[PDB]
Each structure stands twice: as C-alpha cells, then as structure tokens.
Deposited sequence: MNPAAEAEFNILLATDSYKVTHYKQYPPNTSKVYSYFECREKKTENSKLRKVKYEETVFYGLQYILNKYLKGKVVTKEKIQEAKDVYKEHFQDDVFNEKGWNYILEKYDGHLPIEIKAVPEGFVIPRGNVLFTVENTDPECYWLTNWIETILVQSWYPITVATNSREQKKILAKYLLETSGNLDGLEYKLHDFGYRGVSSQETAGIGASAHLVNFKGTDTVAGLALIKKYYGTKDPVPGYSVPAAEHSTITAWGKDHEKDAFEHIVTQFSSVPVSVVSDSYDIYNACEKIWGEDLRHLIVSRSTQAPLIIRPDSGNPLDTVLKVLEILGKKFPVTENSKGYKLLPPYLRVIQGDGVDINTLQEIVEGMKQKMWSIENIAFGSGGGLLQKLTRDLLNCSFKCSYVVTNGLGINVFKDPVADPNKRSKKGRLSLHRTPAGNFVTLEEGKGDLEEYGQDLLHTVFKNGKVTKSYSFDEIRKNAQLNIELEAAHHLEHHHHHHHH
C-alpha cells in the first residue's frame, strides 16, 4: 500500500538540511510556463484526484516512518532521513499534513503563465514538507495536458463540423478514447481517460468511469459511452474466405444500436466495394438513423485511406448534398478513423476532407497513444517552484533566473490570480493581491491540514471547460 514518505524524489529526503537555518515557511506555486500547436490556454484538472487519493487523512503512521527509515538507510548508504520531522506530524497532528493548498476551480481555462495552485506549510516545523510533496503534485501535469490537448482537438473538430455542416450536433462523440492499451499503466489509463471525458463523452477506457465516480461524481448515469464494435480477432477467427460471414453475423447481432466493424483485416477496399457495397448492402441500407454501420479502416495513410473509403462508398450508396454544399453519406452508414490519430493528423484529415468537399458529419475519430500517451511535462512547461520563504521572522521573494534560459525564470513572492476589468486573468506577484485592485483572488483553499475543504463535481468541471464557440 501507499506511503507518502516513499512518494518523493530521493534528493528531497535530504532538503530539510539545506534550507537557511530557522526557515518557518516555504511557499511554492505551480504554473504552465509561457514557451506547431501553441496551446495558449490550459484546462486546470486533476488535483482533486491527488488530494483525495494521496494527501488527505492519516497519511503518516509509525509503520510508514519505520518502512521509509530502513529503505533510505540502504538507498543513501547513510542516515539522512528526517525521522524527527515525520514523527512530529504523527504526534502533533495524528499523521495529517500541516499543508494549505489554494487552486483555481477545476475545469477553468486559463492562459499560460498564470498561477494554478499554491502550496505552503501551516506549521513552522514543517517548512520542509512544502517541497517534499512537489513530486506527487507536479504529476497533475498529466490530467492538465490530456484535458488541454483534448480540448484543442475539440476546437479543430468544432471549426470543421460548423464549416461543413452549419451545426455542432454530436460533437461530444467525434473524438473517442481508444487509448487503454497504449498507456503506461492502469492508473494512467483512469487519469487520462477522465481528463478526455472533461471534453468528450466517447470512451473505451473503462478505468476513467470509476475514477470520475469516486473522486468527482456526476448527476448522470455514466460519465462516458461506447457502442458494440469488432477487432481483427473477431473477424479473422472465421478464416479469410469467411470475412463476409463475420460481417453478416456481427451487424445482425447488433441491429438496434450502432456497430463499428473493422474492415481492413485483408483488403479495406474490397470490403467496402464488394462486401458492404454489393454482398451485404441489404442489411446496411435497412439500419436505423440511431443505429448505423460505422466502417473502420486501421491501416495505411490516414487521410488517403479515409478519402478512398468515402468515394468507394459514394459509388455504392446514395450520397446526398447539404446546406453548405458538402457530400454526406446516408444516415445508416458512418465512418471511424482510429489509426494514427493525434492533434496534427486530425487537423490534416478534416482539412483534406473539407478540400474533397466531404462533410465532417460522415466521420468520427478514435485516438489511443496520441491522446493519452504521446504527451510530456514539457508540452505545457508544467512547473513547481518556490516563490516565497520566511526565515527568522523575515519573508523574502525568491525565484530562479538562469542566464542561458530566460523562459525558466519563475515568479516572485506571494501570488494571486485575478479577474481583470476586461474579463481576463492576471497573476499578481509580491503579495500585491492583498490590495484587491482587480477584486478577490480566484484561487480557493482546496486542502488544509489533512482535509479537502472544497470539491468540484465533474459536471461543474465540464461546464467550466466549455468552448467559447461564438
């Protein structure tokens, strides 16, 4: 089981001995520092999961202190572990962290370079605890980056949907999470899935559903939805020469709901032209508007394959023209490109579809790796730094300012986020927020002395994270 005393970077175990003597306060903040996709604004999401799962309640025990002591004595080949400091938290506070965390509400969309959350110790003895928990808190970069990058792809889809159709109907289902297998772990799967679900309602990553339910909650039955679908194994197990039968059995089994059938197993073109287009057409043209056949390619160049499929289908099914003058497949027939989809290639497919006058109403996208795995902490320059210290009754504004990288320069003093008269955000430095020139601080206390003092519903988060779209 989890032990906070073993959930930090090794070197942090040694830091209590490095601060100026008589330091009573170490105050730190997190931001997405200002740097082909720009990501000028970020979705703040995921901290509440960290607060509940790892920082709330009795997190220090005598067994946990002892387990850490023996581990670090071997790991450092020396005694540097602060047994005294951890025992103090256990005796004085029943193992509850004397820490205060202030954060902007979850789901809020804030421009780059603004304070998102602050961390400070409430007990002078625990000056070292602020940066101990940097490691566990900085991991919030991941739900932040997934939610931000997913929202950016919703902007792309929203542009082209409206451009080629004049409406945003079913925008919530145009980007589907297929990333469960392509992530580093079961926990990353739940965190990442949940962050995509702030923007969309389509997910195959089940892990995300339980995480939202336990850490946020919803008034809705489920946070995300899926449809019956096929894989190479459920097609190929019939034998090459029985591909038609596989398709016939699958589409008949799921006739009252939409069904995705992967048709690239041997020859995507033959499957669309002959099998769906000739041989099984009678089962396809009969389907409900609420229950279409979603044809799925999974190989080759994403744009070219998508195009080639749409024309092959256009030449075997009645392709109507809309109010914007864009080619639209019949409702009982849809498409899903779930291969090689990331923010870049998604932009390319929808632009290439617009150029060949194909409506975005015809396709939905599936993304795995590019959605939940192909992201780093550099993408948004998610960083945690110390901005203020109190040593021997004196408070000072501290920061890093490396000569070779001015982008690595951090903020000074006590910070606050404010709403400007023009309706924007400004981060105030050096305690200037106390004057409330631009009203009250937008950061709220979300954690204080082992207690989660403010929680957000996933419904509030979704609303806060909405697209401007005007």
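Comparing the deposited sequence with the modelled residues shows gaps at 1-7, 43-50, 486-501, with numbering starting at 1.
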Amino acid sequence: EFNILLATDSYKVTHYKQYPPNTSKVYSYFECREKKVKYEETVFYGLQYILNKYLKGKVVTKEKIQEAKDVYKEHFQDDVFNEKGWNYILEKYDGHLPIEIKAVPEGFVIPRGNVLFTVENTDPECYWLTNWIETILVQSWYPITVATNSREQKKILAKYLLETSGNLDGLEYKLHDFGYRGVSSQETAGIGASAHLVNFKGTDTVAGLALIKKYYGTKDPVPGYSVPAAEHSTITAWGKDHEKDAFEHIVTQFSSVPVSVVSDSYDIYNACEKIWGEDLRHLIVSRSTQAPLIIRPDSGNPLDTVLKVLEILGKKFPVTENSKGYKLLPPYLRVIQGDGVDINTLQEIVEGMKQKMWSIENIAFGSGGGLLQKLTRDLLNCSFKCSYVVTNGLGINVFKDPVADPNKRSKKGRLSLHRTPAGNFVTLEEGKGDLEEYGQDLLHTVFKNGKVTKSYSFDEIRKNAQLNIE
From here on, numbers count along this sequence of modelled residues.
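Take the two forms, superpose them, and find the largest set of C-alpha atoms that agree within 1.5 Å; that set is the rigid core.
Fitting each structure in 7 other deposited structures of this protein onto the rigid core and averaging C-alpha distances over structures and residues, 428-436 emerges as the more displaced of 428-436 and 58-66. Core-fitted comparison in 7 other deposited structures of this protein shows that, between 115-123 and 251-259, the CA atoms farther from the shown form belong to 251-259. The records show that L415 is included in the coordinate set of every other eligible entry of this protein, so it is not omitted in a third of them. Omission of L443 is seen in none of the other entries compared for this protein where the adjacent residues are built, far below a third. The question of which stretch, 23-31 or 58-66, has the higher mean Cα B factor is settled in favour of 58-66. In this entry, 304-312 shows the higher mean Cα temperature factor of the pair 70-78 and 304-312. When the C-alpha B-factors of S185, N270, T203, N121 are ranked from the entry, the top spot goes to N270. Going by the entry's values, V335 shows the largest Cα B-factor out of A189, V335, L380, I89. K36 sits in the highest third of its chain by CA B factor, as recorded in the PDB entry. In this PDB entry, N468 carries a Cα temperature factor that places it within the highest third of its chain's modelled residues.
In this PDB entry, the Cα temperature factor of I110 sits in the bottom third of its chain's modelled residues, the lowest group. Compared with the other modelled residues of the chain, the Cα B-factor recorded for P402 ranks in the middle third.
Ranked by C-alpha B-factor against the other modelled residues of its chain, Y127 falls in the middle third.
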